[PDB]
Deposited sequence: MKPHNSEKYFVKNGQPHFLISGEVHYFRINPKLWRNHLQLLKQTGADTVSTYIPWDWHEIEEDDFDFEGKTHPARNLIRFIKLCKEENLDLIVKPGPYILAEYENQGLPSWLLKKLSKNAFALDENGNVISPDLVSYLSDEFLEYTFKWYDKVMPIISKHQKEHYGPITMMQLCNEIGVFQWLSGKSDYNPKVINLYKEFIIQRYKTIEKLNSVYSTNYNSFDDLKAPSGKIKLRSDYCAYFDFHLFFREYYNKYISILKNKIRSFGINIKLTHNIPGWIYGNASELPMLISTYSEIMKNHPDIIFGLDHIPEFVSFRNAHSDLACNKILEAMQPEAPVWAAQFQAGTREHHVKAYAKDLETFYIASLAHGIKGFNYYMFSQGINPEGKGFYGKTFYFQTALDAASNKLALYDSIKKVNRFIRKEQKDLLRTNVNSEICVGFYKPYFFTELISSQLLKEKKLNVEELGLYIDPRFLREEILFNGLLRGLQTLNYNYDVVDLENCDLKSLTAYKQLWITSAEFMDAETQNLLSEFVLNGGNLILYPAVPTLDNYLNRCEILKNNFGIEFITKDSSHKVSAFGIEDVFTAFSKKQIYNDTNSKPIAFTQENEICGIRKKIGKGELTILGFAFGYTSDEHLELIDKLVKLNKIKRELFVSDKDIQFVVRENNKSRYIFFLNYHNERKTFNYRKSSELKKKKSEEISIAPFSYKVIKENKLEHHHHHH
């Protein structure tokens, strides 16, 4: 059952608003807090910028002695007086469109070149981009923590202060992503060499996996440049594995330091990945936290949602992100550390009537808490803005604390949440579909991404044809997940790593989007799933290689599949649907042994089959489709109906999205119109005269039923 925040042994919907004390006239701090409280928010959230408080090396001001807005201590006391809990975020990085991402100018001037993140040629990637594990960086970070952490410790909830949560640093790795370049600092390269020796033990074992001919570990260099050989792909794959251990070591060092101050509050981190109003790359960024989330059950990750608009063009991003966070972090609530309010960019408008729908859609899509970012506009003091004087536009409050149009939208959404939170937080959706999350397909931020400058991964040079980024973006994120949401079929996402078979068994169908490679553990898990009675849908490929592109045919043999890869027209027929456009000329052509052929190439060769195996069912399609045609939705619909899965409602307009959330007491129907059309429609429960609804463009309705 559901994960949710709890206050006083009852479900609590975390409603926070971001208010930057350092960007607001301190004579107006109280008015901002009062107006936030009056929306029904229970929490306020702020960065504590290292640059703002360590005004010169070893010169600290938290009391407003050198600038009134340096009076952190007073802001904390005002939070307590106005009955708001406080989330504090002291960095060292805050980003936050603050000069030098929040690092002091004096620090970046003073640090040696080996404090910085370095490219393949030894050059500084960016004058504000440190190497996370630089000894110099960590020494200064610790001296900053020595001053700000005693203040945070004294003002924690357990000492009757307002502070309930603290974020460690900010969006770890967001610059290795954005800058479009990875850190070849020698501290990093030496840690990588240690990681490889620990992983492989002998150069002979490494040479056997990579198919390389090194005489010693001293001959192994950090991979750089384009992947041309499978041995380059192997080296980069382990480099990805290493960076996940690297970020875990960084956050582990910050956490150990923080705990030494008697800070026992909840620790948080925040997930980047939205850009241009979609989040198809966020799954790659959350995959960079795989080792933190396994090692730190006490650090809760939240999402940084930046939709910019709310339409069918991005409707699927927030649900797919909320589902993937749940998959990687199943023991904590799904929540947004930064939940768009106003816009960071003047030229990229944020309409109250878009964001209001986003807020309701987020509830439909399972969000359990959020921090409106930004609730309050700021004015950068003293030239501190990265890109201009004003921080955010079209917020709930302007910097002067005037109510703007979003204020009433947030009050309306908060009112509904506070009325309903006791039941709403306990509601589930009935998912009969599970979609597999295979993390290794996402481990490409060094070699293949939307932000990366040079494409380093070209699978055709490795004798492959299914690119893992193309598969996870277009076949999974924009394809299957977009398709299921559009068709109003509930799905859950499961992390396949150390996945318990007992968790998969509750679903009517398990859907796996597969490349030509998949590890032995996952091939074995899916084999057992089907033999024991599971129903598996697998496309576009039966894998035949492992994560190092060495032979592994476990699943192919356990399923009694024979296939050859042949070129044909992109168009196939599947389940009687003609002219299904597929992504590749190459297809898997299956022997029809003990199977029903259900998809055919233009030469009528078999490119999909259905089989019974043990107590289970297998459907394999040897071709790739996402959602770029109507035939693709017809095909997803056909596949779902193979196990007689039904939608919760009959709705007369197929372009209306709904979510039914229920517990024992209560049912919530969320209707979402992601289209620029006033829609009049009727619906009824699949279970047992119809109700008529009119919905405005880009709008929502919520119906509560008492059961």
Counting from 1 along the deposited sequence, what's missing?
1-5, 694-697, 717-724
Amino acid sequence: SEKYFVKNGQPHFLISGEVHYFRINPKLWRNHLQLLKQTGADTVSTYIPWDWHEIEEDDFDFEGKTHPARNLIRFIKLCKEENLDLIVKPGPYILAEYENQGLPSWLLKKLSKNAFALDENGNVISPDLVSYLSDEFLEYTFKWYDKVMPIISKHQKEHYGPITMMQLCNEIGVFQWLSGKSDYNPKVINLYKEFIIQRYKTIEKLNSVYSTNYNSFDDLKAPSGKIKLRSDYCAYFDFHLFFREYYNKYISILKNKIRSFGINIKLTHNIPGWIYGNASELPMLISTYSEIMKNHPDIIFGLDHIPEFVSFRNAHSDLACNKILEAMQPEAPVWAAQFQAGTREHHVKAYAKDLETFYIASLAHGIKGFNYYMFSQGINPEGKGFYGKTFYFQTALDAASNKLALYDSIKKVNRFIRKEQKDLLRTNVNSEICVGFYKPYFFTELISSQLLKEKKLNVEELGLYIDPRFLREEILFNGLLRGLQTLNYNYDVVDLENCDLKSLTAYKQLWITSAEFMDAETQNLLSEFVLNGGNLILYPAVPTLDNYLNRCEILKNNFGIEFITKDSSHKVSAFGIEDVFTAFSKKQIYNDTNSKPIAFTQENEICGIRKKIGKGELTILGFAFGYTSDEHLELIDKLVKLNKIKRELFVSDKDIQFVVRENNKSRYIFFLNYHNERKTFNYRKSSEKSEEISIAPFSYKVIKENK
From here on, numbers count along this sequence of modelled residues.
Between 373-381 and 220-228, which has the larger average Cα B-factor in the PDB entry?
220-228
Looking at the deposited entry, does 194-202 or 409-417 carry the larger mean Cα B-factor?
194-202
Maximum C-alpha temperature factor per the entry, among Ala696, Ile693, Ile15, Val19, belongs to which one?
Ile693
Looking at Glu474, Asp85, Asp546, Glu460, which has the biggest Cα B factor in the entry?
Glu460
Is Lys502 in the lowest, middle or highest third of its chain when residues are ranked by C-alpha B-factor?
highest
Sorting the chain's modelled residues by C-alpha B-factor, tell me whether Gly161 ends up in the lowest, middle or highest third.
middle
Ranking the modelled residues of this chain by C-alpha B-factor as given in the entry, is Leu285 in the lowest, middle or highest third?
middle
Would you mind checking where the Cα B-factor of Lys143 ranks among the modelled residues of its chain, as the lowest, middle or highest third?
middle
Based on the deposited C-alpha B factors for this chain, I'd like to know if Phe442 is in the lowest, middle or highest third.
lowest
